[PDB]
Each structure stands twice: as structure tokens, then as C-alpha cells.
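Here's the structure we're looking at; comments come further down.
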Amino acid sequence: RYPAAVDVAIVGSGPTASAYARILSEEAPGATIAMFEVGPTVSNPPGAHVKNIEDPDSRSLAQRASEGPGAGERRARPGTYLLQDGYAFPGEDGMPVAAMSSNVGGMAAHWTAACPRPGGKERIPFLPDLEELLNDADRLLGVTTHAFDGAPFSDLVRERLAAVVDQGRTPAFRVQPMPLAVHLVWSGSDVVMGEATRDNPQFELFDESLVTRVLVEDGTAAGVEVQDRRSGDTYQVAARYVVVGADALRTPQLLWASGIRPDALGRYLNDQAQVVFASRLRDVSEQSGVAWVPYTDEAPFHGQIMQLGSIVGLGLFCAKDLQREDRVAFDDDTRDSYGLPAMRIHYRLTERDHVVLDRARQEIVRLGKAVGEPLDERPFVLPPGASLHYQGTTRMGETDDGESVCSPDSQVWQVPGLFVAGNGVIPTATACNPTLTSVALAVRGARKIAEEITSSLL
Ligand SMILES: Cc1cc2nc3c(=O)[nH]c(=O)nc-3n(C[C@H](O)[C@H](O)[C@H](O)COP(=O)(O)OP(=O)(O)OC[C@H]3O[C@@H](n4cnc5c(N)ncnc54)[C@H](O)[C@@H]3O)c2cc1C
Ligand SMILES: OC[C@H]1O[C@H](O)[C@H](O)[C@@H](O)[C@@H]1O
Numbered sequence: 001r002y003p004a005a006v007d008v009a010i011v012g013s014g015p016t017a018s019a020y021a022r023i024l025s026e027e028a029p030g031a032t033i034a035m036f037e038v039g040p041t042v043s044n045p046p047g048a049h050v051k052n053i054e055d056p057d058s059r060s061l062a063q064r065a066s067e068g069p070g071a072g073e074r075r076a077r078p079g080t081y082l083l084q085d086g087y088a089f090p091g092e093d094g095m096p097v098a099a100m101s102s103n104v105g106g107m108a109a110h111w112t113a114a115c116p117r118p119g120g121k122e123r124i125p126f127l128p129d130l131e132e133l134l135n136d137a138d139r140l141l142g143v144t145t146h147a148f149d150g151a152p153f154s155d156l157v158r159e160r161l162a163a164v165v166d167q168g169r170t171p172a173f174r175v176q177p178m179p180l181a182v183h184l185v186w187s188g189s190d191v192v193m194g195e196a197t198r199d200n201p202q203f204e205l206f207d208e209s210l211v212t213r214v215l216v217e218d219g220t221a222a223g224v225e226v227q228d229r230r231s232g233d234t235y236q237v238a239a240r241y242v243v244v245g246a247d248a249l250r251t252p253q254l255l256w257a258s259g260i261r262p263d264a265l266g267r268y269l270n271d272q273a274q275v276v277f278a279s280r281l282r283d284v285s286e287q288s289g290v291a292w293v294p295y296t297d298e299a300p301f302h303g304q305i306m307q308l309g310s311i312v313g314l315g316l317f318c319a320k321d322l323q324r325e326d327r328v329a330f331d332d333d334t335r336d337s338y339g340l341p342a343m344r345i346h347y348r349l350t351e352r353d354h355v356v357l358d359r360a361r362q363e364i365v366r367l368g369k370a371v372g373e374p375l376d377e378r379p380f381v382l383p384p385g386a387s388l389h390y391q392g393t394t395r396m397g398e399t400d401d402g403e404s405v406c407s408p409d410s411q412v413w414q415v416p417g418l419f420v421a422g423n424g425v426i427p428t429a430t431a432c433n434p435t436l437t438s439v440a441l442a443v444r445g446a447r448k449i450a451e452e453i454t455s456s457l458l
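Numbering (my numbering), first residue to last: 1 to 458.
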């Protein structure tokens, strides 16, 4: 079913992995590419967003097909599934609501498209071209800030918030329309790989293909072992490069099972603590758009105010005090529904995490009162894992120091040719939506590969 060898093997079909296919497809048009996705194809084109399926019955089945092994408070959103066990532990908080997606497009086939920029200490210092890669991350995702201009309440919502937020802040950190990847139509991975990949003769996308191991020969990326999930037979596909973009949890799971077990892999896992709140405007689906209250080092929260349109939703996301004991561990002795080392989350909020969390509750209420009439009296704190923004599992670093898993170009240290993509590549304590940053990092690695493929003599 699969070829024998390719120039580049891509594990996963999320937005970051499809960015590698994108830049490679349009920058290295000659190389051969094999993208292997465990989950099925649930949209058209592959990776399209489910919200774009008109029929609400075709959309539900498209969602349950993405819930992987969970195809049968603590529950997951449609298109996602939770862990069987090992999420919470005694003496720790854990991520009871940490979810995943198994389908062509990844979670990019279910997200809400928010794509803000990092500010202050969110931005990655050792990247002097971050602003350039960020704009390319805009291009690939089809980001737009003017998706809700005619919207009647988007302007009023932004006005009331600015009166309570804009004091003393520079223009980049004032209230503004959230940059959205809205392609009335949502952007998935279908928009990232796009036509360049979809019309690339040397690119092939294999759903129902489980990558159970990254092959390495001579200490260098040698390929991948792919298990055809429709025949149960295990193949082996060679390649000069291997891109692993299977999300911040399963990516370290694949490397750990592959023998690539650096002491840093899976550690410094950080989740954005989410705080929900609602308010009712005072007056008389394009109706309100999305409002962005940027992050700042002095208020390490990220603010989303969306049209759910008199009633608006308020969510605040917290950057975390990164620690080593925040780690995704793996047990060889116990497999999971896919047959890989069962994972286990060691996650605990430090006192600094709570000092910020309760600050988010005080501030989201201030924002709720600024916009109008608060519904509930008290803001509700979502359990760890709800944000679905897991960073640091394969964090990036400027040099090798036992706490970075890859290089600034996403190239895993002890395994040349193996690149990692996704939220886990982020190393800094962030509060905004990472996907735009994850695509920016993925674009930097992809065009590092295209640089080497087209400049080599092989
Ligand atoms: C409801 C919802 C709303 C969201 N809203 C936002 C938002 O507004 N802004 C934002 O920034 N983010 C948002 N997110 C999160 C966003 O989707 C992720 O940040 C992003 O999709 C990460 O992309 P990725 O490619 O790194 O990983 P993913 O998109 O998760 O891709 C991982 C893929 O790899 C596959 N895979 C895993 N292991 C293997 C294997 N061994 N072999 C083969 N394939 C494998 C999986 O099946 C999956 O398809 C939202 C998520 C949800 C669920
Ligand atoms: O509950 C819906 C929410 O789900 C997730 O937490 C997303 O981060 C947010 O964008 C979305 O509105």
C-alpha cells in the first residue's frame, strides 16, 4: 500500500505537519513525501473543517470518527477523546480533560481558528526571524482580522473592553479583533497544505496508517515503521527526513517508543489554565466576531471574547510557571488502545500558578462587567487539559542543554534528520493560542529541509 522509500516522511496530518508538506511542496517540488495519519479521512478536501459539512448528520459522524478509541465534569468535545487512565495522580492535579484527535487534519479539523501573536515573554528569544515566520503562518492558515467587519456587535464589544484595557498599553497589546483562520467558513489542515500540496505529484497522504516507530540507522533518521490499519500489516518506509507532528502528547510517545529517550522529552509540559465567564450586552454566524485582549508580562492571561448575539463568552488563558515535574511519562510495560507505551501525566499547579489563576478570575469578571451584564455570578475554572494547548513536550532550544529536545529548526538533537512539529515545540510560558506559533515554527523547519534537499547532491 505504501512506497518503499521517500525523501520525507511526515507523521501526522495536523496543521503543523501539513505546514511541512506545504513549504516542502512549494519550495522543494521534486522531493517525494509520504504523510501518514492514523485516523480516517473525515472531510473533503482531506483535513477540511467539520463545521463546513452542511448536513448535521454527516457532521456528527465526521466527528465521532475522529474520537479514535473513545468511539463508544470529565468529558471531551466532539472530534476529541480523553485518556483511559494516568491523567490524574495522588498529590498532583493532572490533565483529566486532556484530549486528542485521530483523523486527517488533526484538531485543525475541529478548532476555532483563533490565531493571536505572542507578546512579551511569550515570543521565543532565540528566533530573530519570528515575525517573518509568524506572517508565513498567517498565509498558510488564511488568517484574517476583518472577518466580522459588518458584524453589528463586534465593534461595540471591542469598544467597551478597550475602555477598561487600553490604558497605558501600546497598540499591539490593546483590544482588537482576534486574528482568525476563517476561510462563514473555517480553516483546517485542508487550507494549510492547500493546492500546492494537493496538486503536488510527489506528495501522498495515507490515512489509516499508524506510525509505531521512527527508524534510525547510524544515529540518523532512517525512516518510519507504518502499520496499515486496514490490513493490520506492518511496513517500513525509508527516508532521509522524518517529521513527527502528532501533537504534544503522542509525539513524545512515538519517540519514546522509538528509543529516542532524551531526559528532556515529555518534560516541562505546560497547559494554559482556562477561565470561562459570560456577560449580556446592553442594547437591542456573523454577529459579534471575536475580541482579543492581548497578553502582557504583567498580566499573563490571554483574553477571548466571542459571539458564542447579545450574549458574549469570555475565556482567559494563563501562561504557566514551567517546571520539570510537569511531564508526560511513558510505561513500556503497559500499552494503549493503539499499542504504544501507555502515557501518564505528571501535572501540578505551583503556588505561582494559583496566584495567576485567581488573578484570571478577578480580571475576567472585570472584563465581564465592562462589556455589560454578567450572567453567572462566579467565573468557572476549567480542569487542566481543557485548553487543548499543550506546550513543551518536545520544547525547542538554542543549544543542547538537557532541557531542550530539538533545535531552533525543530531538529531533534541526538537524531539528525528527525524533526518535531506541533505545540510541544514551544519552550516559553505562553497564554495565547499556540497553533499560529506552531505553524510558524513548522515553517522554519520545513524550509530548513527544503534548503538541504535542494542543495545536496543526492
Ligand atoms: C474545539 C477546539 C478548538 C480549538 N481552538 C483553537 C483556537 O482557537 N486556537 C488554537 O491555536 N488552537 C485551537 N485548538 C487547538 C488546535 O487544534 C491545535 O493547537 C492544533 O491543531 C495542533 O496541531 P498539530 O498538527 O500540532 O497537532 P494535531 O492537529 O493534533 O495533529 C496530530 C495528528 O497526528 C496524528 N497521529 C498521532 N500519532 C500518530 C501516529 N503514531 N501515526 C500517525 N498519525 C498519528 C493524529 O491522529 C492527529 O491527526 C482547538 C482545539 C479544539 C479541540
Ligand atoms: O468550548 C469552546 C472552546 O473550546 C476550546 O477551549 C477553545 O480554546 C475555544 O476556542 C472554544 O471556544
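In this text, a Cβ means the ideal position worked out from N, Cα and C, and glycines have one as well.
Note that the C-beta distance between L265 and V371 is not below 8 Å. The beta carbon of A114 sits closer than 6 Å to those of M178, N433, all from its chain and outside the five residues before and after it, given in chain order. Taking all protein chains in view, the Cβ of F380 is surrounded by fewer than 16 other Cβ atoms within 10 Å, so the residue is classified as exposed.
Residue environment: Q227 is assigned as buried (16 or more neighbouring CB atoms within 10 Å of its CB, all protein chains considered). Straight-line spacing of the CA atoms in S279 and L205 works out to 44 Å.
Remark: the C-beta of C115 is in contact range of ligand 1, defined as less than 7 Å to any heavy atom. Note that the segment 150-168 does not touch the segment 270-277; fewer than 3 beta-carbon pairs, one per stretch, sit closer than 8 Å.
The criterion of a C-beta distance shorter than 8 Å is not satisfied by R395 and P374.
Look at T145: its beta carbon is at least 7 Å from all of the heavy atoms in ligand 1. At a Cβ-Cβ threshold of 8 Å, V244 and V216 do not count as neighbours. Here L308 is exposed, its C-beta having fewer than 16 other C-beta atoms within 10 Å.
Every beta strand (DSSP E) stretch that sits fully inside the segment 174-261 and reaches 3 residues is listed by chain position as 203-206, 209-216, 221-228, 234-244. In terms of Cα proximity to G315, the closest of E298, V290, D326, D332 is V290. Look at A360 here: in three-state DSSP terms it is helix. Counting only the Cα atoms, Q63 lies some 37 Å from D129. It is roughly 36 Å from the alpha-carbon of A257 to the alpha-carbon of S58. Exposed is the label assigned to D376, since fewer than 16 other Cβ atoms lie within 10 Å of its Cβ.
In the DSSP annotation of this structure, the continuous segment of the beta strand (DSSP E) that includes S279 starts and ends at 273-280. Residue side-chain check: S66 keeps its Cβ at 7 Å or more from all non-hydrogen atoms of ligand 2.
DSSP places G303 in the uninterrupted beta strand (DSSP E) bounded by 301-306.
Burial state of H183 is buried, judged by a 10 Å Cβ sphere holding 16 or more other Cβ atoms. With respect to the C-alpha of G402, the residue from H302, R335, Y268 having the closest C-alpha is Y268.
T145 and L458 have their C-alpha atoms spaced approximately 43 Å apart. Not one heavy atom of ligand 2 lies closer than 7 Å to the C-beta of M343.
With a cut-off of 8 Å on Cβ pairs, the segment 407-414 is not in contact with the segment 98-111, counting fewer than three such pairs.
For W111, the CB falls within less than 7 Å of some heavy atom of ligand 1. The nearest non-hydrogen atom of ligand 1 is less than 7 Å from the C-beta of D247.
Taking all protein chains shown into account, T454 has fewer than 16 neighbouring C-beta atoms within 10 Å of its C-beta and is therefore exposed. Pairing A446 with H110, the inter-Cα distance amounts to about 24 Å. Distance between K320 and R1, taken at the CA atoms: about 44 Å. For the pair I345 and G86, the CB atoms are nearer than the 8 Å cut-off.
Under the 10 Å beta carbon count, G72 is surrounded by fewer than 16 other beta carbons and is classified as exposed. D149 is classed as exposed because its beta carbon has fewer than 16 other beta carbons within 10 Å across all chains shown.
Note on the segment 298-357: there is no whole alpha helix (DSSP H) run with a minimum of 4 residues.
Within its own chain, the residues whose Cβ lies closer than 7 Å to the Cβ of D93, once the five positions on either side in sequence are excluded, are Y347, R348, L349, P384, listed in chain order. Here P408 is buried. Its C-beta has 16 or more other C-beta atoms within 10 Å.
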